[PDB]
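Participant: What follows is a single structure, and I will ask about it in a moment.
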Amino acid sequence: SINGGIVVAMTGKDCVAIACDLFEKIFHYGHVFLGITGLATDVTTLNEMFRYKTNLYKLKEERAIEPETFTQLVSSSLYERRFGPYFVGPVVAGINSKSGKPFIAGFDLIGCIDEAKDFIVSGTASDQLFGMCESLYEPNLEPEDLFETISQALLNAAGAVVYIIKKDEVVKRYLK
Amino acid sequence: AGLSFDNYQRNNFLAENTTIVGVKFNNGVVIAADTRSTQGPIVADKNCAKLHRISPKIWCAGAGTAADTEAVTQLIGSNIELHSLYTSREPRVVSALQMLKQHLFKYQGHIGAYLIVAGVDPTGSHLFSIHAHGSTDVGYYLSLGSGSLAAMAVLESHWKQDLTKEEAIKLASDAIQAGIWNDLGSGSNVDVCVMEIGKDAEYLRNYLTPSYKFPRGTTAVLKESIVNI
Amino acid sequence: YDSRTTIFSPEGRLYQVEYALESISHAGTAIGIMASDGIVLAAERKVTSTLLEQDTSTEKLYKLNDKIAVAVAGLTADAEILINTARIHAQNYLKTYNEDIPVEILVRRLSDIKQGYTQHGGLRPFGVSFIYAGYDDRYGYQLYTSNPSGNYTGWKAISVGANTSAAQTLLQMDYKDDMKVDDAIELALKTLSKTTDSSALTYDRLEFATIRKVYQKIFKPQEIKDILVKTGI
Amino acid sequence: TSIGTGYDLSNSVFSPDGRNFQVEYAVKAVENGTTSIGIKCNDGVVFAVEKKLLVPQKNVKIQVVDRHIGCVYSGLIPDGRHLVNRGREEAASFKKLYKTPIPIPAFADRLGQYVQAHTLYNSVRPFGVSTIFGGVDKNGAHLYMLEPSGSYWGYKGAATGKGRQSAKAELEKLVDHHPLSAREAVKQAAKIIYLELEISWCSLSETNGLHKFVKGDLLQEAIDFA
Amino acid sequence: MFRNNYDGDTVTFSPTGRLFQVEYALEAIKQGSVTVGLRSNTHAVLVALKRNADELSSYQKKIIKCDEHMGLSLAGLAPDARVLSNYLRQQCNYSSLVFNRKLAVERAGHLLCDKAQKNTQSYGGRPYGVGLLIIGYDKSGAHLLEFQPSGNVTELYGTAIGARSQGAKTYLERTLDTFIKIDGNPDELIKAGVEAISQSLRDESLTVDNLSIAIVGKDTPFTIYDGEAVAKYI
Amino acid sequence: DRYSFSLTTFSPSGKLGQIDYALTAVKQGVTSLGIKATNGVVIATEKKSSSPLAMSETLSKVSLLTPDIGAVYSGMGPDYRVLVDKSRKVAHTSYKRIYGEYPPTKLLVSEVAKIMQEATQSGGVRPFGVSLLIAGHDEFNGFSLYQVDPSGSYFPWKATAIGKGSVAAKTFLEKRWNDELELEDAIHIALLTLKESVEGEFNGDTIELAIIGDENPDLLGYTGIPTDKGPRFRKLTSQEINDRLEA
Amino acid sequence: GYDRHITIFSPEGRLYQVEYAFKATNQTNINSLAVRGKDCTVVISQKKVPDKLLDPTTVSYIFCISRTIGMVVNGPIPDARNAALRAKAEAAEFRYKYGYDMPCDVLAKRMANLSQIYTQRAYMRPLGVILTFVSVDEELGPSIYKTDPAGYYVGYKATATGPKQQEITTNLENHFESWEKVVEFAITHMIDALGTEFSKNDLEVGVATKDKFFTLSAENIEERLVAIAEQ
Amino acid sequence: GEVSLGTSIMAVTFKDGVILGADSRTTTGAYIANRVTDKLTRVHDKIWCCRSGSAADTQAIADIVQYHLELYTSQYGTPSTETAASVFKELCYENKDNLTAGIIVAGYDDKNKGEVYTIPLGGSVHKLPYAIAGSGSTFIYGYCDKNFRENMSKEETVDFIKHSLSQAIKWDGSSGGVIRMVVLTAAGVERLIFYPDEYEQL
Amino acid sequence: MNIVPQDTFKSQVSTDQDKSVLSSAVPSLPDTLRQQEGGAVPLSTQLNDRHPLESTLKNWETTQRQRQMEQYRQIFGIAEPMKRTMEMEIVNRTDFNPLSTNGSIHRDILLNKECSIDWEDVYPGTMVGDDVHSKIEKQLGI
């Protein structure tokens, strides 16, 4: 089944990583990347909704949404369906265009914000990957050391894709 | 309009398939909380900041459904901001208490936010608790969360009338430490906010704070591509 | 008979809508030109003065979508109400079909909106006419206009506002449908330069855009000035 | 200027002098009605009016709104009937709520608010009636006259209708003579009307504080006095 | 002249307080055909001269029945007569259904008074322009009410409404001393009514088609006599 | 009664009469002006009072819309007050409650313009008889100044003035404005323009002036969140205004 | 045209129907005064009752709106009583919603916004009254706010209202321990401005104190007048 | 798990007026969430009530009553205690299916000179010389019924309320803390408080 | 005199209860194309197992308003609720705007919601029947 699976995001120096075990579950709205686990119907509905919202944002503001503002947009859009939520675990990752601050966040079904600075995991096998990330992770990884850390952690969580995000470029990679 | 119900029957069918304290003192009130956050047995985030601001001198901390406490706290902070602008007056803590309890009452307890609201206003310092059903009680000291019993034990052992600012901060941080040590849900750092009747509120983030990297090339890259945006 | 938009006159004509049409005769001229390889949009900034922020007064050309832009003549408040309605419609269409809205469907929706305000008595017509430039993979590059009456027409080149008759005569003499975008830019600039009531077509009095290649660009005043001096105005 | 052409053909319009000419015309409607007086005693109040196939025991002009409070109106019959019935509803609801007779000032307030509300919108017209009402009360007895504007005041005596001016003058002379018993006030009301008769009164001593009709022997004695 | 300015609606008074728009609805009764009503103490009788539009047409039904105790007579606007009759009969019914009590005639009249008053004060509608005579018999005995579309109701021993009602009403004013005593002999009260309605006739005479009668009393539910049943009284 | 005819309509000339008459009501209003500096914006106006017994401290013609955005008006004060209330409410509801941050000045101006425009379509209300100068700062658009007219049209300005003095003030600004002003220079030019525009007594109690500038942490009311930003809107006290006038 | 019957703009940019609603406020000849002490606010109104038949007990234009707020109305009594009921309901609703006693200026702001509604809806006439609210606020102390039919309001150090309001205002400008002294001061200045030596029933007086608002009774106005006549 | 006002509350009419007394414990199960809560709620200057049942529904009801009665007072002057009891009755009854509230209303009123109304969970209203309610009242029905007397003095009524509430506190776990009382008389409102060391040694 | 909305369930149901969306061919059944609800499949019988809160949260404000009018009737009499309601209906009936979702600026003042936010404000939340003409026809009752 294509429902569920796992998404993880992780912070480096001047970079972030986001990865999932794969239909697709990582989306991007300009320079802000949203990973969503859960029901694939709800993943698709969230993708359509946040595409709508961020297109209207970009049209009204003449400006691409910043990851912190997109995080607040995701939070408020999830809470709107406080009763009968989407069965999803979204994760946002990105870098602020002005400050270059690498940013990650993750949410519950109703948009509580973790905003943890080190790493965020969601979905199936979350406690296994929490243990992996805690053990493997070290702060201030280089972009390629960050790639190795995220990709190895994901492979040991249980066919994967990795985005390495710089301020000015993004590298997309795949894993068996 | 409002909070949607539009997947209630759907999600039903599919399902068929912390320590916080407030401490009033001789010229103010101290509110403090731990900074652990947990999902199930798992620490989702250490150093989570649990002290919310309703107004410059009205601050809040909550238990129950975190998203609910956040949403209601930011709604009431918006209403308090707008009312202060409308009346050109520094907002009263009794006004926040009133509108917060009337909001929670409107939702008949289905919005599961339990809160301690502390502040100073032109009429003095105030400290209140609010329950998700919309029931309130005033106090001179309060505790909330899974560690509420340990913190209340400390407050009741050491609280006294006419605490000073420093003695009140000490008492509050001792009660949070007792929570951290005795409750599993509490842990990591202690946050404190100090409101004095004549003074700017003094927020004190983390007032108390009680290799395996693999070599490059380890992971089997399958292929590469450039995504541009 | 003219007191309200819901009353036919004895001649069978809706004076209130003819007055909404006449309102545009006082808006600065907008012009649009469709080329073999793109579309040009240009407009006069008739409301101008040295204390106005020309660099941020994007005030007649508005993108509604990727691959679609509008040029506005008439009441800017009504213009931005309709622009935001059209943006919402285009995003609803993309959300529903996962395809970019066809330009004609958007023009039709906006013209039906403008028409309805002519038919209920508590509403006045919108005192605004749009030129629509866009691209879709059904009809390719296509260019439209619509009136306060809520009728619309497809055009290869069109002018709206004060001196529309003169501009359209100059287009009818000079336009040829195998010209390129770089040719259409210069034909637009020539037309506006001969049409404007100003002593000279200074770059601050212009707003300019093109849809070509699919990408759209709204020119900043620097490249507007460069395109002007390249044309020789 | 009494006509106000150009500011009169619609309700709620202020003229340039701030006058609401539709209200002045509704006042002028009252000036056509049956001359009616009320008199306030030391102990109570009394009302009198100047007024063949009609059933005579059913042809009555003074309206008891409640046993507590008596009412008489002049001007448009249907407007008077409507205002009377609205007041009787307000009295009955007050009594149901607070288990006490409606204080005469509270009743007066409610009626003034109801009439005044008809001055706010072009979709309604002012009542074409001026009402005199009053009764014994917890605080004594009160006499009010409610103009079609919704303006009302307490009075020691009031008169409305075509004869209102002479009635006012004689009732003012009466007040100047007594700076009254229910009996004497009844006699003077009969006189003022004579200057068919129907009278009613409300006093603590002589009607137990209820409103009652003055009929039979005392009516004939009042006619003899007149 | 100046009346033309202040007569456009029920919501403008004139500079003289007239409220012309209600006066015009009271004049609308004068366009109606004559009907007479009278009662004794034990019985109440209505008499009506019906009309027809053309010799090829039937006569219009001018009298109605709220229930077995009360009934009604119409003069004036047919649409408003229809409205008010339906209203009076829906009140008679609701009263019976909820309380199982015959609606008092006086109460029914007051209900009509109230309904009629509303249209005199709101802008959008118009006054009902129709007069009604109500008769009934209840615990309080025989009743006759005259309703005017100004929203005025009077209980009377006898009256007439319609174009020449003044003649019949003058006749009744001369003779009320006689008909009110007619107790237990209703035939003489009916014949007195037909006599009263024999005044105010013009170029016409009472006939079994054009004349209609009804009666109610202590021993007699509301019955309508029309056609050959009227020949007993012509 | 289900419909009410449009109160604002086009004249045969194509001009919407009520819009012209609202702009005339604006022209009748007391002078107000605003000036972009490189490092701030000034907005200023006369506190005309109907009596010396009125409390000038209650004649709040300049009002905060957001910590970074402020407004002033000329014309019908009650309309301005209702528009301020609605603009604050919409700044919270539409934007702060969705994105967790205050709107940029451009979008709050657009929201006010939308609110003002719809009074021009309704058949129940007249248009608002005010034009607003809205000055603000945005993290990306920087300092900005917009003039909103009764039509709900708005344009960005370097400097502008509205009301009785509007034309003479705009000429004085056009001769005196330059792209290098500091906020103290803009404040001086504003005060000189208003001195030239005001009628009668010109003092720190007959004027009020607000600025958009750097953050004021002493106006934030709390300490200890170092990323958190003091308000950039600041009304000058009449003491400070008098200390400017002594220059 | 329509600008005469409804509150739309005239070509001058003027709402004639609101200006005419201002002229309605002087259709009664009463004039009134409000002044502030250190810790009290006093409002003086004339009570013109020449009609022998009229009972001056009932003739009051001063309304107690809240425990701590009173207002005097200038203009026709029906609209004054309407405004009174409106303000009173709004003060009670504010207390219910926000948990503290409504400030005088917040009530003034509310009533001014309502008047703006009436100045902007075509089908609602302006109310035709000027409202002067007096209170002792717990933050601002004694304060006076006056509200116009236009929906303008401003705070005042003192006010006058009615046909002669300029004379009183100018007398106050000429001028500029317990509330009884402030009442006597205000009465003395009313006398000096208007030139009428008041009878005990020619006046009505309202006092806002730190704790409550109250109206003087005729025997209290009598003793105030006596205490004036001692000087 | 809503907060319920586990309570012992007791109002007693006496020669000069009425005294309304309460404990000050409130409990969430076995936990005392507040041990010095003030259960006495002023709805008007001389009209006071005590609340039982859920804290949220009773607080909402009492706030709506205080609104209604302030509006009334602004229109008609001071209400009678019977008016207040009527408002309480109407709110408790028309919401009886949704809200669980029981109220003792006590108030002084110069025409009636002090009255007590109890509104049990059903929304009946009963005027009584004294009323007891809450968990702890059950243990003191016999004491109050034996020891109550009509037209007690103030001091005798204070003693009586102290002895009753002290026994309720003794036997009921859900009630305790300090005893709080308001004395309502023509002289004014007087707050009283009695501490455990002042009532346990009885 | 209600706090929580009591009357909150439809007492009677019919295929014709929903007006303005009826089949022109057979004026007894819904128009499932014009409903645009995803077919007939939202059959009216599926109005079952509603969230317990929904039926109270939808009409909470209406209930508060009705209680407020009742209180004004009890204390001030029939004049005050009548005045309030007439004002409110004037505002509602004169504000026609088919393009704006936003609430009227004067409606908020009358409701005393000038300085209040609720989730209905924050979260104000189609191939057929969305057109301006459908709104015109609803509003005029065409």
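Letters for chains follow the order of the structure tokens (A, B, ...), residue numbers begin at 1 for each chain, and ligand numbers begin at 1 in the order shown.
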Can you pull out every residue within 6 Å of residue B:112, counting only C-alpha atoms, but drop anything in the same chain fewer than 3 positions away, and send it as a list in words?

Facilitator: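 Returned residues: residues 64, 65, 109 and 132 of chain B.
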
Participant: Please, could you write that set of residues out with N, CA, C and O atoms as a compact mmCIF listing (two decimals), in the first residue's frame?

Facilitator:
```txt
# COMPACT_ATOMS: atom_id res chain seq x y z
N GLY B 64 -2.84 19.62 28.29
CA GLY B 64 -3.84 19.02 27.42
C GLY B 64 -3.38 18.97 25.99
O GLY B 64 -2.18 18.84 25.73
N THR B 65 -4.30 19.07 25.04
CA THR B 65 -3.93 19.03 23.63
C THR B 65 -3.15 20.29 23.28
O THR B 65 -3.69 21.40 23.36
N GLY B 109 -15.98 21.96 26.25
CA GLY B 109 -14.91 21.05 26.60
C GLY B 109 -14.32 20.24 25.47
O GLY B 109 -13.39 19.47 25.70
N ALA B 132 -10.64 23.13 30.44
CA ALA B 132 -11.13 23.04 29.07
C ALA B 132 -12.64 23.21 28.99
O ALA B 132 -13.16 23.63 27.95
```

Participant: Tell me which protein, DNA and RNA residues are within 7 Å of residue G:67, counting only C-alpha atoms, leaving out same-chain ones fewer than 2 positions away, and put them as a list in words.

Facilitator: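 Listed by chain and then number, they are residues 69, 212 and 213 of chain G.
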
Participant: For chain G, report every residue with an atom at most 9 Å from chain B (counting only C-alpha atoms), formatted as an MDAnalysis selection string.

Facilitator: chainID G and resid 96:100 103 105:106 109 139

Participant: For the selection just defined, write its residues with N, CA, C and O atoms to a file, as a JSON list (two decimals), in the first residue's frame.

Facilitator:
```
[["chain", "number", "residue", "atom", "x", "y", "z"],
["G", 96, "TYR", "N", -20.44, 42.49, 31.03],
["G", 96, "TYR", "CA", -20.59, 41.04, 30.91],
["G", 96, "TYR", "C", -19.45, 40.40, 30.12],
["G", 96, "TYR", "O", -18.93, 39.35, 30.51],
["G", 97, "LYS", "N", -19.04, 41.03, 29.02],
["G", 97, "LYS", "CA", -18.03, 40.42, 28.15],
["G", 97, "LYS", "C", -16.61, 40.55, 28.70],
["G", 97, "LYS", "O", -15.83, 39.60, 28.58],
["G", 98, "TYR", "N", -16.26, 41.68, 29.30],
["G", 98, "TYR", "CA", -14.86, 41.95, 29.63],
["G", 98, "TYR", "C", -14.56, 41.93, 31.12],
["G", 98, "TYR", "O", -13.38, 42.03, 31.49],
["G", 99, "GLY", "N", -15.56, 41.82, 31.98],
["G", 99, "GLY", "CA", -15.30, 41.55, 33.38],
["G", 99, "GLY", "C", -14.90, 42.74, 34.21],
["G", 99, "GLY", "O", -14.51, 42.57, 35.37],
["G", 100, "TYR", "N", -14.97, 43.95, 33.65],
["G", 100, "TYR", "CA", -14.71, 45.16, 34.41],
["G", 100, "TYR", "C", -15.65, 46.25, 33.93],
["G", 100, "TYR", "O", -16.19, 46.19, 32.83],
["G", 103, "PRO", "N", -15.32, 51.79, 30.81],
["G", 103, "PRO", "CA", -14.88, 53.19, 30.94],
["G", 103, "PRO", "C", -15.81, 54.13, 30.20],
["G", 103, "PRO", "O", -16.45, 53.76, 29.20],
["G", 105, "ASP", "N", -15.08, 56.62, 28.31],
["G", 105, "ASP", "CA", -14.66, 56.89, 26.94],
["G", 105, "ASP", "C", -14.89, 55.71, 26.02],
["G", 105, "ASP", "O", -15.10, 55.91, 24.82],
["G", 106, "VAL", "N", -14.92, 54.48, 26.54],
["G", 106, "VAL", "CA", -15.24, 53.34, 25.69],
["G", 106, "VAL", "C", -16.72, 53.33, 25.35],
["G", 106, "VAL", "O", -17.11, 53.01, 24.22],
["G", 109, "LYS", "N", -17.07, 55.98, 22.74],
["G", 109, "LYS", "CA", -16.61, 55.45, 21.46],
["G", 109, "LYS", "C", -17.66, 54.53, 20.83],
["G", 109, "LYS", "O", -17.91, 54.60, 19.62],
["G", 139, "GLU", "N", -8.93, 54.59, 36.05],
["G", 139, "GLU", "CA", -7.60, 54.89, 35.54],
["G", 139, "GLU", "C", -7.41, 56.37, 35.23],
["G", 139, "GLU", "O", -6.39, 56.95, 35.61]]
```

Participant: Residues at most 9 Å from stretch 20-27 of chain E, counting only C-alpha atoms, excluding those fewer than 6 positions away in the same chain, as a ChimeraX atom specification?

Facilitator: /E:3,6-14,120,126-131,148-150

Participant: With N, CA and C atoms retained, export the selected residues as a PDB file, in the first residue's frame.

Facilitator:
```
ATOM      1  N   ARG E   3     -54.093  67.302  -2.083  1.00  0.00           N
ATOM      2  CA  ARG E   3     -54.298  65.901  -1.728  1.00  0.00           C
ATOM      3  C   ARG E   3     -53.485  64.950  -2.600  1.00  0.00           C
ATOM      4  N   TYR E   6     -50.076  64.066  -0.890  1.00  0.00           N
ATOM      5  CA  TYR E   6     -50.014  63.385   0.398  1.00  0.00           C
ATOM      6  C   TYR E   6     -50.852  62.109   0.445  1.00  0.00           C
ATOM      7  N   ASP E   7     -51.244  61.568  -0.709  1.00  0.00           N
ATOM      8  CA  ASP E   7     -52.141  60.417  -0.759  1.00  0.00           C
ATOM      9  C   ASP E   7     -51.489  59.175  -1.357  1.00  0.00           C
ATOM     10  N   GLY E   8     -50.181  59.207  -1.620  1.00  0.00           N
ATOM     11  CA  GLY E   8     -49.530  58.114  -2.323  1.00  0.00           C
ATOM     12  C   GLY E   8     -49.387  56.831  -1.527  1.00  0.00           C
ATOM     13  N   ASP E   9     -49.425  56.905  -0.198  1.00  0.00           N
ATOM     14  CA  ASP E   9     -49.204  55.723   0.627  1.00  0.00           C
ATOM     15  C   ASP E   9     -49.931  55.873   1.957  1.00  0.00           C
ATOM     16  N   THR E  10     -50.040  54.751   2.679  1.00  0.00           N
ATOM     17  CA  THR E  10     -50.545  54.724   4.054  1.00  0.00           C
ATOM     18  C   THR E  10     -49.549  55.261   5.067  1.00  0.00           C
ATOM     19  N   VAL E  11     -48.427  55.833   4.637  1.00  0.00           N
ATOM     20  CA  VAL E  11     -47.332  56.175   5.538  1.00  0.00           C
ATOM     21  C   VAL E  11     -47.091  57.674   5.617  1.00  0.00           C
ATOM     22  N   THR E  12     -47.692  58.466   4.733  1.00  0.00           N
ATOM     23  CA  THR E  12     -47.630  59.918   4.809  1.00  0.00           C
ATOM     24  C   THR E  12     -48.958  60.436   5.344  1.00  0.00           C
ATOM     25  N   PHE E  13     -48.903  61.133   6.475  1.00  0.00           N
ATOM     26  CA  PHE E  13     -49.946  62.082   6.828  1.00  0.00           C
ATOM     27  C   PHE E  13     -49.870  63.317   5.940  1.00  0.00           C
ATOM     28  N   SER E  14     -51.008  63.974   5.783  1.00  0.00           N
ATOM     29  CA  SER E  14     -51.073  65.284   5.156  1.00  0.00           C
ATOM     30  C   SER E  14     -50.828  66.371   6.188  1.00  0.00           C
ATOM     31  N   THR E 120     -52.594  49.315   7.975  1.00  0.00           N
ATOM     32  CA  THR E 120     -52.755  50.765   8.005  1.00  0.00           C
ATOM     33  C   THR E 120     -51.480  51.524   8.356  1.00  0.00           C
ATOM     34  N   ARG E 126     -51.487  47.458   1.815  1.00  0.00           N
ATOM     35  CA  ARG E 126     -52.552  48.439   1.677  1.00  0.00           C
ATOM     36  C   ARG E 126     -53.687  48.054   2.615  1.00  0.00           C
ATOM     37  N   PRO E 127     -54.520  49.013   3.021  1.00  0.00           N
ATOM     38  CA  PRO E 127     -55.695  48.665   3.831  1.00  0.00           C
ATOM     39  C   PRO E 127     -56.644  47.739   3.086  1.00  0.00           C
ATOM     40  N   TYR E 128     -57.405  46.958   3.858  1.00  0.00           N
ATOM     41  CA  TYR E 128     -58.172  45.864   3.273  1.00  0.00           C
ATOM     42  C   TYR E 128     -59.370  46.349   2.465  1.00  0.00           C
ATOM     43  N   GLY E 129     -59.810  47.590   2.659  1.00  0.00           N
ATOM     44  CA  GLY E 129     -60.832  48.140   1.787  1.00  0.00           C
ATOM     45  C   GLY E 129     -62.140  47.381   1.769  1.00  0.00           C
ATOM     46  N   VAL E 130     -62.396  46.534   2.764  1.00  0.00           N
ATOM     47  CA  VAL E 130     -63.605  45.718   2.806  1.00  0.00           C
ATOM     48  C   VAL E 130     -64.242  45.836   4.184  1.00  0.00           C
ATOM     49  N   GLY E 131     -65.555  46.074   4.207  1.00  0.00           N
ATOM     50  CA  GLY E 131     -66.330  45.976   5.431  1.00  0.00           C
ATOM     51  C   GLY E 131     -66.942  44.600   5.635  1.00  0.00           C
ATOM     52  N   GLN E 148     -65.051  47.651  10.001  1.00  0.00           N
ATOM     53  CA  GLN E 148     -64.587  48.574   8.979  1.00  0.00           C
ATOM     54  C   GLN E 148     -63.093  48.386   8.733  1.00  0.00           C
ATOM     55  N   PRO E 149     -62.639  48.447   7.476  1.00  0.00           N
ATOM     56  CA  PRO E 149     -61.243  48.100   7.172  1.00  0.00           C
ATOM     57  C   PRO E 149     -60.226  49.120   7.658  1.00  0.00           C
ATOM     58  N   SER E 150     -60.662  50.226   8.265  1.00  0.00           N
ATOM     59  CA  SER E 150     -59.754  51.039   9.065  1.00  0.00           C
ATOM     60  C   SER E 150     -59.213  50.277  10.266  1.00  0.00           C
TER      61      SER E 150
END
```

Participant: Taking only C-alpha atoms into account, report as a PyMOL selection string which residues of chain C lie within 6 Å of chain F.

Facilitator: chain C and resi 19-20+22-23+51-53+76-77+121-123

Participant: Which residue out of H:166, H:86, H:153, H:175 has the minimum interatomic distance to chain D when only C-alpha atoms are used?

Facilitator: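 Of all the options, H:86 lies closest to chain D.
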
Participant: How many Å separate atom CA of residue D:46 from atom CA of residue D:200?

Facilitator: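 Atom CA of residue D:200 lies 5.8 Å from atom CA of residue D:46.
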
Participant: Identify all residues of stretch 8-220 of chain F in alpha helix (DSSP H) (DSSP on the backbone) and supply them as number ranges by chain.

Facilitator: F: 17-28, 77-90, 97-99, 105-121, 166-176, 183-197

Participant: Any idea which chain G residues end up within 9 Å of chain H if we count only C-alpha atoms, as a PyMOL selection string please?

Facilitator: chain G and resi 64-67+85+88-89+91-93+95-96

Participant: Next, the residues of the selection above should be written as a PDB file, in the first residue's frame with N, CA and C atoms.

Facilitator:
```
ATOM      1  N   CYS G  64     -28.890  58.176  34.404  1.00  0.00           N
ATOM      2  CA  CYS G  64     -27.891  57.319  35.030  1.00  0.00           C
ATOM      3  C   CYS G  64     -27.711  56.061  34.184  1.00  0.00           C
ATOM      4  N   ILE G  65     -26.568  55.959  33.509  1.00  0.00           N
ATOM      5  CA  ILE G  65     -26.369  54.904  32.522  1.00  0.00           C
ATOM      6  C   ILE G  65     -25.749  53.670  33.171  1.00  0.00           C
ATOM      7  N   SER G  66     -24.907  53.863  34.183  1.00  0.00           N
ATOM      8  CA  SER G  66     -24.196  52.776  34.835  1.00  0.00           C
ATOM      9  C   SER G  66     -23.978  53.170  36.287  1.00  0.00           C
ATOM     10  N   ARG G  67     -23.440  52.232  37.070  1.00  0.00           N
ATOM     11  CA  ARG G  67     -23.056  52.561  38.438  1.00  0.00           C
ATOM     12  C   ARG G  67     -22.160  53.793  38.480  1.00  0.00           C
ATOM     13  N   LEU G  85     -31.355  54.139  26.781  1.00  0.00           N
ATOM     14  CA  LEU G  85     -31.515  52.687  26.824  1.00  0.00           C
ATOM     15  C   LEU G  85     -30.403  51.981  26.053  1.00  0.00           C
ATOM     16  N   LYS G  88     -27.139  52.171  28.042  1.00  0.00           N
ATOM     17  CA  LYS G  88     -27.248  51.360  29.249  1.00  0.00           C
ATOM     18  C   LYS G  88     -27.091  49.874  28.938  1.00  0.00           C
ATOM     19  N   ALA G  89     -27.736  49.413  27.862  1.00  0.00           N
ATOM     20  CA  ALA G  89     -27.544  48.036  27.421  1.00  0.00           C
ATOM     21  C   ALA G  89     -26.106  47.778  26.992  1.00  0.00           C
ATOM     22  N   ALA G  91     -23.337  49.342  28.104  1.00  0.00           N
ATOM     23  CA  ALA G  91     -22.510  49.281  29.306  1.00  0.00           C
ATOM     24  C   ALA G  91     -22.661  47.941  30.011  1.00  0.00           C
ATOM     25  N   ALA G  92     -23.887  47.413  30.055  1.00  0.00           N
ATOM     26  CA  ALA G  92     -24.077  46.113  30.689  1.00  0.00           C
ATOM     27  C   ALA G  92     -23.434  44.999  29.871  1.00  0.00           C
ATOM     28  N   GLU G  93     -23.541  45.069  28.543  1.00  0.00           N
ATOM     29  CA  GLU G  93     -22.909  44.058  27.701  1.00  0.00           C
ATOM     30  C   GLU G  93     -21.390  44.104  27.822  1.00  0.00           C
ATOM     31  N   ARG G  95     -19.650  45.134  30.452  1.00  0.00           N
ATOM     32  CA  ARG G  95     -19.312  44.533  31.740  1.00  0.00           C
ATOM     33  C   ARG G  95     -19.404  43.013  31.683  1.00  0.00           C
ATOM     34  N   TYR G  96     -20.439  42.488  31.026  1.00  0.00           N
ATOM     35  CA  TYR G  96     -20.589  41.040  30.910  1.00  0.00           C
ATOM     36  C   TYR G  96     -19.447  40.404  30.123  1.00  0.00           C
TER      37      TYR G  96
END
```

Participant: Report as an MDAnalysis selection string the set of chain B residues whose atoms approach chain A to within 7 Å, with distances computed over only C-alpha atoms.

Facilitator: chainID B and resid 3:8 11 45 66:67 212:214 216 218:229

Participant: Excluding same-chain residues fewer than 5 positions from residue D:48, what lies within 12 Å of it counting only C-alpha atoms, as a PyMOL selection string?

Facilitator: chain D and resi 34-40+60-63+70-74+132-133+157-160+167+185-194+196-201+213-215+219+222

Participant: Show me, as a PyMOL selection string, every residue of chain G with an atom at most 10 Å from chain I, counting only C-alpha atoms.

Facilitator: chain G and resi 82+85-86+89-90+93-94+110+113-114+116-118+120-124
